[PDB]
Amino acid sequence: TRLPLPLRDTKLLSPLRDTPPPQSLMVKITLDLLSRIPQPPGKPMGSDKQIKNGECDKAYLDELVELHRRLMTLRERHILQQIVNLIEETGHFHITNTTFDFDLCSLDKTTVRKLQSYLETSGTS
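Residues numbered from 1 in each chain as written, not as in the entry; some residues may be left out. Heavy atoms only, no water.

Going by what the PDB entry lists, the protein chain is known as AF4/FMR2 family member 1/Protein AF-9 chimera and is assigned to Homo sapiens. Its official PDB title, as written in the record, is "Solution structure of the AF4-AF9 complex".

In structure tokens form, the structure reads like this:
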């Protein structure tokens, strides 16, 4: 009677998928305070190549991580349009009528440099 296993946190999760995507940090901007909602895609379109990258453990991640944050503390509008459209031109973002995110660690490193830039119009330091 609950002698061996008192009580676990979470039982069996969804159908154990085969080597499913990893886990890290993603950027999600409330769909409410967005206003603009990019139109959905046309044809399914789904590659299969997926080049095996090698982020490896380093430190540069710190930057990307911090970014996601400073992004959450954004409330000036007008810019969101420059963050959604910019990527729009290049798929790789999940859209939803109630949420929308994307991965900045996937697209070229240039896209990240641009974003960070605007995210600092004033003049930190």
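The rest of the description comes next.
**Q** How should the packing of aromatic side chains be read in this particular structure?
**A** Aromatic ring pairs are reported here in terms of the distance separating the ring centres and the angle at which the planes meet. Evaluation of the coordinates by the stated rule reveals two aromatic pairs. With centroids separated by 6.3 Å and ring planes inclined at 15 degrees, the aromatic side chains of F100 and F102 adopt a geometry described as stacked. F102 matches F100 in its accessibility class, with the two residues each being buried. Here the aromatic cluster, defined as three or more aromatic residues joined through ring pairs, consists of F93, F100 and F102. (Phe/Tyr/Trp six-rings, centres within 6.5 Å; stacked < 30°, edge-to-face > 60°. Buried < 20%, exposed > 50% of the residue type's maximum accessible area, 1.4 Å probe, protein only.)

**Q** Got a minute to help me understand a nonpolar patch on the surface in this structure?
**A** Where nonpolar side chains cluster on the molecular surface, the patch consists of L25, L61 and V65 and spans about 220 Å² of accessible area. Within the secondary structure, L61 sits in helix α1 (residues 61–72). (Patch = residues over 30% accessible without salt bridge, like charges linked within 9 Å, V, L, I, M, F, W, Y side chains within 5 Å. Areas by Shrake-Rupley, 256 points an atom, 1.4 Å probe, with all protein chains shown as cover. Salt bridge = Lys/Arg side-chain N within 4 Å of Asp/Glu carboxyl O. Helix = DSSP H or I, 4+ residues; strand = E, 2+ residues; numbered from the N terminus.)

**Q** What exactly am I supposed to notice about the sheet that holds strand β2 (residues 93–95) here?
**A** What holds strands together in a sheet is hydrogen bonding between their backbones, with the strands either parallel or antiparallel. Ordered in space as β1-β3-β2, the three strands form an open sheet in which the pairing is antiparallel. The open sheet has two edge strands with one neighbour each: β1 (27–28) and β2. Across three bridges, β2 lies against strand β3 (residues 100–102) in antiparallel orientation. Bridge pairing links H94 to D101 in β3. (Pairing = 2+ DSSP bridges.)

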